[PDB]
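Enquirer: next one to model:
(chains A and B, ligands or ions: 3)
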Amino acid sequence: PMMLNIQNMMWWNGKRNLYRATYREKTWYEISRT
RNA sequence: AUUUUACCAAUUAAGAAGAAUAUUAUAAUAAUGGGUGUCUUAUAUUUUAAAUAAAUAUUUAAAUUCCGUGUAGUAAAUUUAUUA
Ligand SMILES: [Mg+2]
Ligand SMILES: [Mg+2]
Ligand SMILES: [Mg+2]
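Expert: Residues are numbered from 1 along each chain as shown, chains lettered A, B, ... in the order given. Ligands and ions are numbered 1, 2, ... in the order given. Dropping the coordinates below:
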């Protein structure tokens, strides 16, 4: 698969990536706030 | 004695519940997939993985670089919160 630049989003097309966390405690933007 | 030639002109008041828990945004308190005329059991009713996503970010510098596609907490549970 390699999911090369595929816009897989639930609200966009109803499909989510196979390898990802179903829950995230802090969004990536919150982690960047060093 | 019967006896009126041919052609030439115009859309205007609308009578009636035959108009509404009506359309579209707006509610930051709920949420296990809604299916009524339904209704026995489930060896037959199981979807999960550290990445940009139904979670969406207050600047104009420098700087990698052969059109620089770029800005960092404002508060540490603090009052921008996905509401019916
Ligand atoms: Mg005339
Ligand atoms: Mg009428
Ligand atoms: Mg709630």
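
Enquirer: what parts of chain A come near RNA strand B?
Expert: Within chain A, the residues that sit near RNA strand B (Cβ under 7 Å from any atom of the strand) are A:3, A:8-11, A:16-24, A:27-29, A:32-34. Heads up, the C-betas are built off the backbone N, CA and C, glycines and all.

Enquirer: at 10 Å what do you get?
Expert: A:1-3, A:5-34 (Cβ under 10 Å from any atom of the strand).

Enquirer: filter those residues to the buried ones?
Expert: Buried subset of the residues of chain A next to RNA strand B (neighbour count, 16 or more other Cβ atoms under 10 Å): empty, as none qualifies.

Enquirer: mark which of the residues you listed are part of helices, please.
Expert: The members of those that map onto helices under DSSP state H are A:10-13, A:28-32.

Enquirer: I'd say residue A:18 and residue A:1 touch.
Expert: Yes: if you go by Cβ atoms under 8 Å, residue A:18 and residue A:1 touch, sitting 7.3 Å apart.

Enquirer: got the contact list for the most centrally placed residue in chain A?
Expert: In chain A, the residue lying closest to the centroid (Cα atoms, centre = their mean) is residue A:20, at 6.5 Å. With contacts defined as Cβ atoms under 8 Å, 6 or more residues apart in numbering, residue A:20 has no neighbours.
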